[PDB]
Amino acid sequence: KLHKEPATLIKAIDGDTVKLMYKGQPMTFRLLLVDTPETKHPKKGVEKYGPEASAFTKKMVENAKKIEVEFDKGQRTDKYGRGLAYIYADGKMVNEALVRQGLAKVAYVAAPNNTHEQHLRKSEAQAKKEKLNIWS
(Lines of atoms letter the chains of each structure in order from A and count residues from 1; the text may use other names and numbers.)
(Lines give C-alpha, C1' and ligand atoms only; values in the text may rest on other atoms or scores of the structure.)
Protein backbone atom coordinates (compact mmCIF):
# COMPACT_ATOMS: atom_id res chain seq x y z
CA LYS A 1 0.00 0.00 0.00
CA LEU A 2 1.14 3.54 -0.78
CA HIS A 3 1.69 6.14 1.95
CA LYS A 4 2.32 9.87 2.20
CA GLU A 5 5.53 11.41 3.54
CA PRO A 6 6.31 15.06 4.43
CA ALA A 7 8.51 17.37 2.33
CA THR A 8 9.34 21.09 2.18
CA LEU A 9 9.12 23.32 -0.90
CA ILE A 10 12.34 24.81 -2.22
CA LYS A 11 11.24 26.09 -5.66
CA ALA A 12 8.73 25.36 -8.47
CA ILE A 13 10.49 24.85 -11.82
CA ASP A 14 7.87 24.07 -14.47
CA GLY A 15 4.32 22.74 -14.68
CA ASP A 16 5.59 19.16 -14.27
CA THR A 17 8.65 19.69 -12.05
CA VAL A 18 9.23 21.02 -8.51
CA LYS A 19 12.30 21.11 -6.23
CA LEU A 20 11.73 19.88 -2.66
CA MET A 21 13.63 19.03 0.53
CA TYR A 22 12.88 15.35 1.16
CA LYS A 23 14.39 13.63 4.22
CA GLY A 24 16.87 16.45 4.69
CA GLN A 25 18.14 16.57 1.11
CA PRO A 26 17.35 18.83 -1.91
CA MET A 27 15.73 16.92 -4.79
CA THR A 28 14.00 17.61 -8.10
CA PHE A 29 10.62 15.83 -8.45
CA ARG A 30 8.86 14.97 -11.73
CA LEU A 31 5.06 14.59 -11.43
CA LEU A 32 3.94 11.02 -12.16
CA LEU A 33 1.54 10.20 -15.02
CA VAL A 34 1.05 13.66 -16.52
CA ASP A 35 2.29 15.59 -19.54
CA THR A 36 2.15 19.37 -19.35
CA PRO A 37 3.00 21.98 -22.01
CA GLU A 38 6.45 23.30 -21.11
CA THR A 39 8.28 26.62 -20.72
CA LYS A 40 11.68 24.93 -20.92
CA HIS A 41 11.15 22.37 -23.67
CA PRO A 42 14.49 21.20 -25.24
CA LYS A 43 13.27 21.59 -28.84
CA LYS A 44 10.04 23.64 -28.73
CA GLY A 45 11.03 26.11 -26.00
CA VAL A 46 7.79 27.65 -24.68
CA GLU A 47 4.69 25.69 -25.78
CA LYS A 48 1.09 26.94 -25.77
CA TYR A 49 -0.46 26.76 -22.27
CA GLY A 50 3.05 26.23 -20.87
CA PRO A 51 3.06 29.47 -18.82
CA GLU A 52 -0.45 28.64 -17.60
CA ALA A 53 0.39 25.12 -16.33
CA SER A 54 3.59 26.46 -14.79
CA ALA A 55 1.73 29.22 -12.89
CA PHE A 56 -0.94 26.76 -11.68
CA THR A 57 1.61 24.33 -10.15
CA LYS A 58 3.60 27.20 -8.60
CA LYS A 59 0.56 28.77 -6.94
CA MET A 60 -0.65 25.41 -5.59
CA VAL A 61 2.63 24.45 -3.89
CA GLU A 62 3.63 27.93 -2.72
CA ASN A 63 0.33 28.54 -0.89
CA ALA A 64 0.13 25.12 0.81
CA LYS A 65 0.49 24.54 4.56
CA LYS A 66 1.66 20.95 4.13
CA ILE A 67 3.32 19.28 1.16
CA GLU A 68 3.43 15.46 1.01
CA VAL A 69 4.93 13.07 -1.52
CA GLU A 70 3.54 9.64 -2.35
CA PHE A 71 5.82 7.26 -4.27
CA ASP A 72 4.24 4.53 -6.42
CA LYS A 73 5.01 0.76 -6.35
CA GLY A 74 7.90 0.80 -8.83
CA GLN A 75 11.15 2.73 -9.20
CA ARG A 76 11.39 6.02 -7.31
CA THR A 77 13.75 8.05 -9.54
CA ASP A 78 14.05 8.38 -13.34
CA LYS A 79 17.22 8.40 -15.48
CA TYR A 80 17.81 12.11 -14.80
CA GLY A 81 17.79 11.52 -11.05
CA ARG A 82 14.36 13.07 -10.52
CA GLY A 83 12.06 11.55 -7.90
CA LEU A 84 8.85 10.10 -9.35
CA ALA A 85 5.78 10.71 -7.19
CA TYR A 86 2.24 11.96 -6.68
CA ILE A 87 2.47 15.35 -4.94
CA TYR A 88 -0.18 16.49 -2.45
CA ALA A 89 -0.78 20.11 -1.32
CA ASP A 90 -3.02 20.20 1.77
CA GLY A 91 -4.49 16.83 0.83
CA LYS A 92 -5.15 17.64 -2.83
CA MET A 93 -3.14 15.81 -5.51
CA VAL A 94 -1.40 18.32 -7.77
CA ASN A 95 -1.14 15.70 -10.56
CA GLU A 96 -4.94 15.27 -10.69
CA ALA A 97 -5.67 19.00 -10.35
CA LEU A 98 -3.68 19.80 -13.54
CA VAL A 99 -5.50 17.09 -15.55
CA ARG A 100 -8.90 18.20 -14.21
CA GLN A 101 -8.25 21.80 -15.44
CA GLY A 102 -7.22 20.73 -18.94
CA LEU A 103 -3.63 21.86 -18.28
CA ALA A 104 -2.18 18.36 -18.68
CA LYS A 105 -2.82 15.07 -20.51
CA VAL A 106 -2.39 11.63 -18.96
CA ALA A 107 1.02 10.38 -20.15
CA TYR A 108 1.76 7.03 -21.81
CA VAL A 109 1.57 4.97 -18.63
CA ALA A 110 3.69 1.91 -17.79
CA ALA A 111 3.40 -0.44 -14.81
CA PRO A 112 4.19 -0.81 -11.99
CA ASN A 113 4.03 3.00 -11.59
CA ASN A 114 0.38 3.29 -12.62
CA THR A 115 -1.72 2.99 -9.46
CA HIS A 116 -3.76 6.19 -10.05
CA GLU A 117 -4.06 5.79 -13.81
CA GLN A 118 -7.82 5.10 -13.91
CA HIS A 119 -8.50 7.98 -11.52
CA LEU A 120 -6.60 10.42 -13.77
CA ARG A 121 -8.12 9.13 -17.03
CA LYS A 122 -11.55 9.84 -15.55
CA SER A 123 -10.58 13.43 -14.69
CA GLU A 124 -9.17 13.91 -18.21
CA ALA A 125 -12.40 12.65 -19.76
CA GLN A 126 -14.28 15.28 -17.72
CA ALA A 127 -11.88 18.06 -18.78
CA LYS A 128 -12.32 17.07 -22.47
CA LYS A 129 -16.10 17.00 -22.03
CA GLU A 130 -15.99 20.53 -20.58
CA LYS A 131 -13.60 21.75 -23.34
CA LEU A 132 -11.11 23.25 -20.90
CA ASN A 133 -7.87 24.99 -21.95
CA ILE A 134 -5.94 22.32 -23.87
CA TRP A 135 -9.27 20.93 -25.12
CA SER A 136 -10.86 24.29 -26.02
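Numbers in chain A come straight from Swiss-Prot, and the residues shown are 88-223, in order.
Cβ from N, Cα, C; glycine included.
As recorded in Swiss-Prot:
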type	residues	note
ACT_SITE	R117	active site
ACT_SITE	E125	active site
ACT_SITE	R169	active site
BINDING	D103, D122, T123	Ca(2+) binding site
COMPBIAS	203-219	compositional bias 'Basic and acidic residues'
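Taken through DSSP, the compositional bias 'Basic and acidic residues' (203-219) splits into 13 helix, 0 strand, 4 coil.
The active-site residues listed here (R117, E125, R169) include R117, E125 as those with a Cα within 10 A of the Cα of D103 (Ca(2+) binding site). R169 (active site) sits 17 Å from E125 (active site), counting Cα to Cα. Of the recorded residues, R117 (active site) and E125 (active site) place their C-alpha atoms 13 Å from one another. In sequence order, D101, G102, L118, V121, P124, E125, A140, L185, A191, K192, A194 are the residues of the same chain, not among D103, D122, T123, whose CB sits within 8 A of the CB centroid for the Ca(2+) site. According to its DSSP assignment, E125 (active site) is coil. When the neighbouring Cβ atoms lying within 10 Å are counted for each of the recorded positions (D103, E125), the highest count belongs to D103.
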